[PDB]
C-alpha cells in the first residue's frame, strides 16, 4: 500500500565522480585524467584503463582509500529531496547501495555518511547489496544504465538518474530519466501510485 522507492547512493546522493576526480588529481598530479564532461560508461576504472596501462589500478586505489566514501559531497538537492520524499504520506524510502570489493572502510563510511546527512533514524533505511534486483520496490532511482542480477524480472521500474557518464545515452523508449534532484521527482513517484 505504501509506495516504496529505492534511492541509489553513489551518483545519485553522493558525488562519487567529482570526489574521485579531485582526489585522483591531488594524489597523481603527473597522470592524465578524464574531465567529467568526457566521462563515458559506468565504470570509472575501465575508462582510465583505456587511457593508459596502470591507470585502472591507480583509480581503484582512490576509492579503496580511507575516507573516500565518507568525504563525498552530496549532489545538489539530494539531501533535501530525499528528506522530503521520506516524509511524504504512503511513501517509504530506502537507500540502496553496493559496496566496492575492498570492504575495510566502504560499508562503515556509507553508514557514517547517511548518519551525517540524514540522522541516526535514517540508518534503518539502508540496504547494502551487490545485487539490486533482489530488492523489491516500485521504483529504483539509480545512475547505472544496466542493472541486472539474480532476479530476471525486478519488481521496480528503474529510473535513470543523470550523471556525467550516462548523460549522452539514448535509452530504450519505455525507460525514463530523473535528470537531477531539481527535476520533478514527485511526478515520477505519483505516476506509480494507485
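Numbering follows the first chain given and starts at 1.
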Practice task
Using the B-factors recorded in the PDB entry, average over the C-alpha atoms of 166 to 174 and of 10 to 18, then report which stretch comes out higher.
Solution key: 166 to 174
Exercise for the section: Higher average CA B factor in the deposited record is what I'm after, so tell me if that's 70 to 78 or 84 to 92. Expected result: 84 to 92
Exercise for the section: Return the residue from 137, 127, 160, 26 that has the highest Cα B-factor in the entry. Expected result: 26
Exercise for the section: Quick one: which of 131, 64, 143, 30 shows the highest Cα temperature factor in the PDB entry? Expected result: 30
